[PDB]
């Protein structure tokens, strides 16, 4: 059912439809053209054909911004390459014997790098490997809004590890807000989780807690 497309275009003038249809894959562009009112059809195609001779000023402006946005992505992504994030992602994907060997050597040789990589490897579910005191320390820094949102994207064992580390009442209160907030978007769960991730990272940066490995 493409139809919502047809109504969008139905009430436009031929040159605007020609401009709109030209940024599509031609089979899609044809399906839409075929469904447009019969009286508009021939003239839309004529305008599509003659579009590189008329050449609207809007087309160049669309390219001038398409160009800049793709350019900037390329510059932000590839001007510097590698780094601590890359290193962390690689270690998370290595076989356990290899990553223990690499981490073991870095604890001897360059201990602060090992720590940087350790912090950067941490991912939300790694809270399960934190000890109770560490979790308790993390909780007195995170607010209940941020925590509840973050757990809406969590497994039971994770939720349980949190519940065991708060007062018997505040656990029951937390369980309640999780039941009654409902619809939340992935984006909001991610940054809530990331807010917590940074707190865990800052606390280990200060030597307040240990991240297991």
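Numbering follows the first chain given and starts at 1.
For the segment pair 70-78 and 106-114, the entry gives 106-114 the higher mean B-factor, averaged over Cα atoms. Higher mean CA B-factor, judged across 83-91 and 125-133 from the recorded values: 125-133. Per the PDB record, 181 has a higher Cα B-factor than any other of 28, 181, 49, 62. Ranked against the other modelled residues of its chain, the C-alpha B-factor of residue 13 as given in the entry falls in the highest third.
Among the modelled residues of its chain, residue 209 has a C-alpha B-factor that falls in the middle third according to the deposited record.
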